[PDB]
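Q: turn this into a model:
(chains A, B, C, D, E, F and G, ligands or ions: 4)
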Amino acid sequence: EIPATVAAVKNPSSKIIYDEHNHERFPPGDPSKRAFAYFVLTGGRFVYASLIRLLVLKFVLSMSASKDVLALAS
Amino acid sequence: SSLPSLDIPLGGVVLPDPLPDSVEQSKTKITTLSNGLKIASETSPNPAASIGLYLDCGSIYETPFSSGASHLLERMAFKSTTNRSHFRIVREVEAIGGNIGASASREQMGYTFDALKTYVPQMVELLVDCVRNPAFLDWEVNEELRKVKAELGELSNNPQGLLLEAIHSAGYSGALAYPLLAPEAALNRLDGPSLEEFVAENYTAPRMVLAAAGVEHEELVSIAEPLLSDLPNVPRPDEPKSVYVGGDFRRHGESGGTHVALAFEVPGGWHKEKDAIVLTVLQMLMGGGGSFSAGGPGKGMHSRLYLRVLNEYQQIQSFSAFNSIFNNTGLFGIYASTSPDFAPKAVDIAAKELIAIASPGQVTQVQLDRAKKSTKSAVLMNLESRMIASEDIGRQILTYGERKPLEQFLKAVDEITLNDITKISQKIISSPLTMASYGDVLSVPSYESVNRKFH
Amino acid sequence: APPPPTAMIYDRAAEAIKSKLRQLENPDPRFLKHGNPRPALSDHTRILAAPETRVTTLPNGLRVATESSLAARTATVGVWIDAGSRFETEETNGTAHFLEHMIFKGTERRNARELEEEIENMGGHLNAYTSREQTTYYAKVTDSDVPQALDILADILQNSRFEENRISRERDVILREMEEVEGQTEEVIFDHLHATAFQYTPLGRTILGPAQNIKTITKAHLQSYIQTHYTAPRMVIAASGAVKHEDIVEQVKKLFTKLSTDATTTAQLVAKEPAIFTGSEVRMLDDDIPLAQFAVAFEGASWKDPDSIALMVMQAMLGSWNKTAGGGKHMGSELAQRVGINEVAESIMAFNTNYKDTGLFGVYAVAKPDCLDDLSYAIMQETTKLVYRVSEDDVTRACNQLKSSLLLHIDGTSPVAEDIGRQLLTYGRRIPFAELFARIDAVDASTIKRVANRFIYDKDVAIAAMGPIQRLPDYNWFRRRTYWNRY
Amino acid sequence: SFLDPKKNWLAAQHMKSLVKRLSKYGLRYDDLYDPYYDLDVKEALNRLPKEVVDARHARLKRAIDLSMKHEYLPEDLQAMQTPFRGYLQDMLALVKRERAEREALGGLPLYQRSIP
Amino acid sequence: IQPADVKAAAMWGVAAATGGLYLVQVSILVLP
Amino acid sequence: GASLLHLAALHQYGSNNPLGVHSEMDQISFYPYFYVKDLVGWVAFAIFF
Amino acid sequence: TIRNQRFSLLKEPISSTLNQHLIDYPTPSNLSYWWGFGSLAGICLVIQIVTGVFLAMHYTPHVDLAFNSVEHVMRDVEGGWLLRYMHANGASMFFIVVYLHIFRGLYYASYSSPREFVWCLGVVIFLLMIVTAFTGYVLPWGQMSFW
Ligand SMILES: CCCCCCCCCCCCCCCCCC(=O)OC[C@H](COP(=O)(O)OCCN)OC(=O)CCCCCCCCCCCCCCCCC
Ligand code: HEM
Ligand code: HEM
Ligand SMILES: [Zn+2]
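A: Numbering: from 1, shown residues only, chains lettered A, B, ... in the order given. Ligands and ions are numbered 1, 2, ... in the order given. Shown next is the protein structure:
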């Protein structure tokens, strides 16, 4: 019989079924979100920027001067 | 910016007044440049102009030294010149928006260019440059030779062209026998200086026609005379000779079907206008098909071969009946593609048909009327498509030195009669059979066994 | 002591090549006074003159349009129905195509054998074809014999007779035709692309439909479809060549009377179940095929969208390239130059398809299994370059190419009639050449950038691929390539 | 200005020294053009005839062998040497002119240098 | 193309200056 | 240096999978698919640390 | 494909090795998070190196000054307690992550052929980590350190 993988090649259908066990599909008419995703990513991105600035400044200011020296500055 | 949504006319346009609804039927003006060149044109109502340059050269004029120059020249058509580079040429063609084409046949070959009627000086200047002043560079020629070798390597996919070439080579001796698709040895031997010498020897003024389709004659001649009037006047060396006596070509290939083709002489040629027209009508009567087309009525499904063979005999892949007419010679015959086991029966059927048309009374007046009407329709519906108009002008001027008016072809097709068909078939069948076979040929009959018929 | 260049075959070869190069070093002006490879605009208003396309509307709603040129000797007469495979009902998908095949055959008096005998006796041709949402039945005929063709068209479109034996024969023929289409890989690719892009919409389903549905016609579906969709307002009669508008109007009025009066209007029909683009991909890996054929596509513009002309220009400046193209490595479009120079593809073709209320726009490449990643990079790079950094010379060249292509394609009697019918169905009018040129000339670099930002910048894409495609980048790759982070 | 050995004693001495060096190693001045250097020389060498390019490779191999062996060409062939008999400058000029035209009006580079 | 290029370069310069201020908050330089 | 050699040898022979089976049928590029997974791991580790 | 003109920077020779081995390396599609643990061990090593360098900018290797120097780092250096706690607890997390790495390898039998060399180089790496952490723990010079 038809090997069932050339059946899909020879029979394109407008009703395509996906897995939908890990991700629920939007109904077809709804638009692509594309904005909620970027705003979530943006929140995380400036969290990351805060973290990187913190680490860099910690290292540089550690390599900076010291409290006992500042005390002995007179 | 705002736009009127394309179902409403766009703001303010200066759209011009229409044509007067049957303005006129333009005539062809032909001017003979004193060096011996032809410049012809006619007016067209559509905004497109087709301009071509046609030369009396090709495989017939090939020489054992060249033997492939025609095919290579078709491939090397609009390459770099002594005045523009290839990049500049392509950029110009793209800039005005036209199309370039090159055709190479056995007897004549042409270069055509298409664009709007505004760009006439550009068209004629670029064409004359690319023909008159070519710079056959070694690297460009080598690239085209590599491509031609690949195409020769991908030839068997179309057995019809292969069988036409085989029939010509087998059933002609020198001139028409010169091949058209440049065998591998010839391809290796071919070279840029060889192309230069061939062009300089053959592309001469007394064998050049510049034909325009939608161009005013005054403009065309005023832009073309300062580009062609200074060519040297040569004595137009004579055309090659070729005799028809020829037998069988047989080539074995894959196991899918066998392709057998038969052909004959009809030595009238294009100068014998009556016989050429009768041959065209006979072809439109014979014709046939591929038994796989699903277009619709009008494609010749009521032709004699179609009806009898295809509607009666199955397991026959395709069955056609064709012709090819050159100056002072012809070649008419039948192409058949069928199963390997059926091949002897297919040859018998084709011979039966070709003899059936010969014997009087076997062609009905109604079939002849249908053939004549279909031929007139084919010619008329072909003389649209201004490209075809310009090509017809060029070819006719190259052959006859003028343009034979369409009314002559129409009158000839009108006056053809059953006696003419029978007489021409009897004459064409007398000439020695030319046969070609390709594929599982190890079972097709012998050439002499087939030639036992027809005589 | 030093040898002359006569000896030393390499010295001889160097002398010959230097002689040739010094030969071609001096140009000539008389052959260069008109070239100008740099593109520029022009006003062809002095040239765009064509006979007026007279349009009449018979009160039953029937539009008849003619572009007469009575100096000719042929003509083309046809009917352009605003119906096709889009307007089915999910269980009668193949009805339009099968009805085409059947309506060729017979009527209450045509008798298919003698019908085709009549067509071929008068010398003409008769053809038809159905698109997703357009159907055409036209005939090419001669002067003083047009009326027979018009009568035959009216008879087959009104009083066709469907008989069961011919229906079985055409079922066999269409099953064969379905079995022969998978050889044509381009049509398979575009069918799959349509199905996966406009999925769960009437545009997704193919034209032929499923064989399981072709096996269950019974001619009741045929008659219902014809009576429900071949109504008077949705048809256009068109004529060109040697025709007379008054004669054509009179003949249409006298003949097309047993029509299907109804109310199913395509505008309201598309109002329900519209077309919705859904970004997705389908990739059919085989690895037994020498070449991999794929297509990426963005959502296009509708027929009446004013940006349709801009999309046409954009698909002109991503022009097609072929392995036997004359230009080769020198071409106007950057994508063709990239493909030809690095030889990363057998052939590429950019397509712009327009429907009602939607469309498509893509690049259709066909290559070898090992160059697919570089080819995909080239395609996406050039498209997003159209988004960001379009150039004036490229825009002008694209506009010139588009004008030339349209006016050269309109050539003959059948192309003119087809143009008349198609434009009357899509826009409700035939756009004159001068207005079309004005609309194209209204497109410049800013227009291209705005339209590309509207349609290409950071939009979902739909991909359909077939063959050895191990190296073809996944969906996320293309989706991220739809924008640039440098700008 | 354009200073040639006919109108300049210093240029005459410079040309004499270059001729002496190239004759010592027996290789023409054009052989010093590295294909990896410009990539225009690469194209110009791709366009030249095979006999000429093979002669160039042979002369370069001979020069490299002499350099390794720490010796010079024997005086016979040294007197038979013909430096400055060019074979490449015209083709290189043509290639550069074509590249300049293509760059000047639209156009993408036909070849490019990798990074690095 | 040059106006767009210089506009983009200026935008990237503004972004770079903002990143520099964020990394090194200098009211000492900001005030005068 | 030892870590670099470790990674080089692994990259020579691919990478195992939770099934232990041959895995050259369904393979995807490391970026971005496993960079994001590693990023989730890194952020969780950062919270722990 | 002849690379006449350059398409992508990632395929240029400057970023070609990095491209292959970081971006384009094919990976099994069903990996869980323990491969993430391997990458995490790499990150822990980098963190240890950086914090250790900045700590060694303040540590005196003398017996009379080591302990008070570390207390200097904790009390006087600007944000030095962060550096020291990061170094110490980062050694601890480095070992935690490497242990999870090793035990995933044991569970899924990743040591089997053809990854014998990978496992052996891992064992060498573990030896190096043990030695490094031990000699480092000697540095602060306390009771536990010395004894
Ligand atoms: C010291 C203080 C700091 C500030 C220093 C500022 C710079 C001073 C010196 C500037 C020198 C020029 C800089 C611009 C780069 C060269 C420009 C150029 O001509 O590049 C073109 C060349 C070939 O490219 P092409 O084939 O012409 O391009 C096709 C276009 N039709 O392109 C090539 O050949 C590509 C070359 C690739 C390698 C470039 C290396 C540049 C130097 C990198 C140093 C750091 C390396 C990284 C590691 C250390 C990081 C700290
Ligand atoms: C410095 C500490 C270490 C680092 C940075 C490190 C790094 C890595 C990396 C990057 C990988 C590839 C990604 C992955 O599969 O997780 C890997 C894989 C592996 N490592 Fe390590 N590793 C370390 C210690 C060890 C140790 C101590 C062993 C065991 C002796 C080990 C055994 C393995 C094995 C068997 C794999 C194969 C992964 C698989 O089968 O999928 N590693 N390591
Ligand atoms: C080259 C990089 C490194 C340098 C320069 C470095 C340097 C130092 C210095 C100066 C100390 C003493 C400071 C203190 O007492 O807190 C220290 C402590 C230590 N280091 Fe490192 N180190 C490095 C990498 C590592 C690594 C990779 C490990 C392994 C995990 C490690 C493990 C330790 C431990 C366990 C201590 C003692 C923690 C404590 O102070 O209680 N170090 N290191
Ligand atoms: Zn069909």
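
Q: run a quick neighbour tally on residue 5.
A: You didn't say which chain, so I picked chain A. Neighbourhood size, residue A:5 [other Cβ atoms under 10 Å in any protein chain shown]: 10. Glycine gets a C-beta too; all of them are placed from N, C-alpha and C.

Q: oops, chain E please
A: Using other Cβ under 10 Å, residue E:5 has 11 neighbouring residues.

Q: which residues in chain C form strands?
A: Secondary structure of chain C (DSSP state E): strands located at C:54-58, C:62-68, C:74-81, C:125-130, C:135-142, C:235-241, C:281-285, C:292-299, C:321-322, C:347-348, C:351-354, C:359-362, C:365-367, C:462-467.

Q: ignore what I typed, I meant chain D.
A: Counting by DSSP E, chain D contains no strands.

Q: distance of the residue nearest the centre of chain D from residue D:86?
A: By Cα atoms, centre = their mean, the mean C-alpha position of chain D lies nearest to residue D:30, the distance being 1.4 Å. To residue D:86, residue D:30 is 5 Å away according to Cβ to Cβ, to the nearest Å.

Q: surely residue B:214 touches residue B:44?
A: Yes. Residue B:214 is in contact with residue B:44 according to Cβ atoms under 8 Å; the separation is 3.4 Å.

Q: so which residue of chain A comes closest to chain E?
A: Of all residues in chain A, the one sitting closest to chain E is residue A:53 (6.1 Å; Cβ to the nearest Cβ).

Q: tell me who's in contact with that residue.
A: E:22, E:23 (Cβ atoms under 8 Å, 6 or more residues apart in numbering or on different chains).

Q: element containing it, please.
A: Here residue A:53, judged by DSSP states H and E, is contained in helix A:36-63.

Q: what residues sit buried inside that helix?
A: Using 16 or more other Cβ atoms under 10 Å in any protein chain shown as the test for burial, helix A:36-63 gives A:58, A:59, A:62.

Q: likewise stretch C:463-477?
A: In stretch C:463-477, counting by 16+ other Cβ under 10 Å, buried: C:463, C:464, C:465, C:466, C:467, C:468, C:469, C:471, C:472, C:473.

Q: need the max-distance pair from those residues.
A: Across those, the longest distance by Cβ to Cβ is 16.5 Å; it joins C:464 and C:471.

Q: so how far is stretch C:147-167 off the chain centroid?
A: 28 Å (Cα atoms, centre = their mean, to the nearest Å).

Q: other residues contacting it?
A: Contact with stretch C:147-167 is made by C:77-79, C:102-110, C:112, C:115, C:118-119, C:122, C:124, C:126, C:137, C:139, C:141, C:217, C:219, C:222-223, C:226, C:230, C:247-248, C:251-252, C:255-256, C:258-259, as judged by Cβ under 8 Å, 6+ apart.

Q: any residues touching whatever helix or strand comes next after the helix holding residue A:53, and which ones?
A: The helix or strand immediately downstream of helix A:36-63 is helix A:67-72, counting by DSSP H and E. Here helix A:67-72 makes contact (Cβ under 8 Å, 6+ apart) with G:72, G:75, G:76, G:77, G:78.

Q: ChimeraX command for the buried members of those residues?
A: Buried residues among the contacts of helix A:67-72 (16+ other Cβ under 10 Å), as a ChimeraX selection:
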select /G:72,76,77,78
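
Q: which members of the contacts of helix A:67-72 occur in strands, if any?
A: Per DSSP E, the subset of the contacts of helix A:67-72 in strands is empty.

Q: reformat the contacts of helix A:67-72 as JSON lines; add distance to ligand 3.
A: Output for the contacts of helix A:67-72, formatted as JSON lines (distance: Cβ to the nearest ligand atom, whole Å):
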{"residue": "G:72", "distance to ligand 3": "11"}
{"residue": "G:75", "distance to ligand 3": "13"}
{"residue": "G:76", "distance to ligand 3": "14"}
{"residue": "G:77", "distance to ligand 3": "11"}
{"residue": "G:78", "distance to ligand 3": "16"}
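
Q: mind listing which of the contacts of helix A:67-72 are in helices?
A: Using DSSP state H, the members of these that fall in helices are G:72, G:75.

Q: and the closest residue to chain B within chain G, what does it touch?
A: For chain G and chain B, the shortest gap (Cβ to the nearest Cβ) falls at residue G:2, measuring 13.6 Å. Counting by Cβ under 8 Å, 6+ apart, residue G:2 makes contact with C:342, C:343.

Q: what secondary structure does it sit in?
A: State at residue G:2, reduced to three classes by DSSP: H, G, I helix; E, B strand; the rest coil: coil.

Q: ranges for the helices of chain F?
A: So, for chain F - with DSSP H - the helices run F:2-12, F:33-48.

Q: sorry, back to before: the more surrounded of residue B:214 and residue B:44?
A: For residue B:214 versus residue B:44, neighbours defined as other Cβ under 10 Å are more numerous around residue B:214 (24 against 18).

Q: quickly note the distance from that one to residue B:390.
A: Per Cβ to Cβ, residue B:214 is found 8 Å from residue B:390.

Q: shared neighbours of those two, which are they?
A: residue B:50.

Q: touching, residue C:244 and residue C:69? I think so.
A: No. Judged on Cβ under 8 Å, residue C:244 makes no contact with residue C:69 at a distance of 11.2 Å.

Q: which of the two has more neighbours?
A: With neighbours defined as other Cβ under 10 Å, residue C:244 and residue C:69 compare such that residue C:69 has more, 20 against 15.

Q: what sits against that one?
A: B:19, B:21, B:22, B:45, C:51, C:240, C:241, C:242.

Q: who's in contact with the closest residue to residue C:469 other than its chain neighbours?
A: Of all residues not flanking residue C:469 in the chain, residue C:292 sits nearest, at 4.9 Å (Cβ to Cβ, 6 or more residues apart in numbering or on different chains). Counting by Cβ under 8 Å, 6+ apart, residue C:292 makes contact with C:366, C:367, C:368, C:369, C:372, C:465, C:466, C:467, C:468, C:469, C:472.

Q: give me the number of residues near the residue of the stretch 51-200 of chain C found nearest ligand 2?
A: Ligand 2 sits closest to residue C:196 of the stretch 51-200 of chain C, with a gap of 34.7 Å, by Cβ to the nearest ligand atom. Neighbours of residue C:196 under the rule other Cβ under 10 Å: 23.

Q: list the contacts of it.
A: A:12, A:16, C:204, C:280, C:281, C:282, C:462, C:464.

Q: got it, and residue G:32?
A: Counting by Cβ under 8 Å, 6+ apart, residue G:32 makes contact with residue F:18.

Q: could you verify that it is part of a helix?
A: No. Counting by three-state DSSP, residue G:32 is not found in a helix; it is coil.

Q: from chain C, how far out is it?
A: Separation of residue G:32 from chain C (Cβ to the nearest Cβ, to the nearest Å): 21 Å.

Q: just list the residues touching residue B:289, thanks.
A: Listed by Cβ under 8 Å, 6+ apart, the contact set of residue B:289 reads B:299, B:300, B:301, B:303, B:306, B:310, B:318, B:319, B:320.

Q: contact partners for the last one?
A: Contacts for residue B:320 were tallied using Cβ under 8 Å, 6+ apart; they are B:287, B:288, B:289, B:290, B:305, B:334, B:335, B:336.

Q: try the second one
A: With Cβ under 8 Å, 6+ apart as the criterion, the residues that contact residue B:300 are B:284, B:287, B:288, B:289, B:306, B:374, C:120.
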